[PDB]
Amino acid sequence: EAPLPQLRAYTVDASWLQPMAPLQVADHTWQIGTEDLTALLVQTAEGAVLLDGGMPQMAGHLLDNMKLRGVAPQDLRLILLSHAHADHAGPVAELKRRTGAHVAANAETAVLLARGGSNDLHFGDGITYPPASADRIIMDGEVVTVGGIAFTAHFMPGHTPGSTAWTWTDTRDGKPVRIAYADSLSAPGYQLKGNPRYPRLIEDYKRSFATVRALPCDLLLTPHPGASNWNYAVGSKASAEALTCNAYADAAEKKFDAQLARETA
């Protein structure tokens, strides 16, 4: 008789796990993750902020790149998240242990993080990672400030209930650069219609496309860089083809609408 199946690891494309050196995005903001997963380090006079960390096994690489940027582990003040899936929040528990950083997140992200991504609305227990606690619960539009740099949360539920865009204003060449780190707008394999675990999924996505269109933004980044047409591997040309917020929302909505019709079909 067949035994029960073995547990299956969450495996990803090699490029998601390919380390890169820090890539400067603006005067204080650096991509310090892998070629295909965003992890943004914002360096202030009173400590650093990390927005996402990628996969669980990226924790050491993140700390190495922080050190290259002059940031010792204890200099990391704050971790912010796009959403609490294993490929973006993976190393949060380990980073908290090794740095003392606090995590700020909305209540939906906090509850998913605290169960390590288990009992996911769509993926069940297939993408579990080490659980972590949120130290500060934030509300829509709330401002979190480190070293004078203000980060504003914009809720954009859909990909997860707690999906969040973060905005802040950096500089380049003496001019302001409004950065928008917008969350995923994909629905990979999701049951969109009549989903008992997420009854208003379609209404939330539709509002979130509108929220993304309206973000203050001179430079858009996304957890998966390809979603906004970044290419981290080509250095100073990485941002050349990057989408606007309007274009990112439009592409996501077209995909969503096509998926909805295919689900009907």
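The numbering used is simple: start at 1 and walk along the sequence shown. So that the term is clear: the rigid core is the largest set of C-alpha atoms that superpose within 1.5 Å between two forms.
With every structure aligned by its rigid core, 170 to 178 is the stretch of 170 to 178 and 113 to 121 whose CA positions lie farther away in 8 other deposited structures of this protein.
Taking the PDB entry as given, 169 to 177 carries the higher mean Cα B factor of the two stretches 169 to 177 and 147 to 155. Two stretches are in play, 89 to 97 and 67 to 75, and the higher mean C-alpha B-factor belongs to 67 to 75. The entry assigns its greatest Cα B factor, within the set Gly162, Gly194, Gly141, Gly117, to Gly194.
In the PDB entry, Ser239 places in the highest third of its chain by CA B-factor.
Among all modelled residues in this chain, the alpha-carbon of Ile127 has a temperature factor (C-alpha) in the highest third. Split the chain's modelled residues into thirds by C-alpha temperature factor. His224 is in the lowest one. In this PDB entry, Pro216 carries a Cα temperature factor that places it within the highest third of its chain's modelled residues. Among the modelled residues of its chain, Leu51 has a C-alpha B-factor that falls in the lowest third according to the deposited record.
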